[PDB]
């Protein structure tokens, strides 16, 4: 696993190089933006249960075939596995937000997941819908202007959306 700082170090070590002034500046800027990143992680995590449950309810309303007898989320064991997957994906996305790097999400969650769903018969396209719903809710929560010192988090929200889109593309 790498965070954003370790990523720059790893690239430099492969070249055998000390960091340049521009690289130092870029990492100093990440630190200066760090409070916003902590707020986003806190806000998403603090609302994780409703992000998951609301997205799940909406998926099953739009895709009732998943919950009809014989569908992939029918029976409580399969429903529980589906909710668990949503929680897992959200969890690893929040790890990537804290790290400022997708490696933890790619390595511990997304790699091989498409093949897992294919072996099981789980519709990865429907998982991607659930992920996109969680994305929209998580960004609305993280970027809520109420109750926080005003400032611009647009770059961070674009980064957050990227991690969610990466997960959705990995399963679809």
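The term rigid core refers to the maximal set of C-alpha atoms that superpose within 1.5 Å between the two forms. Numbering follows the first chain given and starts at 1.
Displacement analysis by core superposition in 9 other deposited structures of this protein ranks 22-30 above the other of 103-111 and 22-30 in root-mean-square C-alpha distance from the shown form.
Taking the mean C-alpha B-factor of each stretch as recorded, 145-153 and 7-15 are not equal, and the higher mean is that of 145-153. Here 122-130 and 54-62 are compared by their mean Cα B-factor, and 122-130 comes out higher. The PDB entry gives the largest Cα B-factor of the residues 135, 43, 108, 37 to 108.
Residue 140: CA B factor lies in the middle third for its chain, per the PDB record. Looking at the C-alpha B-factors along this chain, the one for residue 116 belongs to the highest third. Placement of the Cα temperature factor of residue 29 within the chain: highest third of the modelled residues, per the deposited record.
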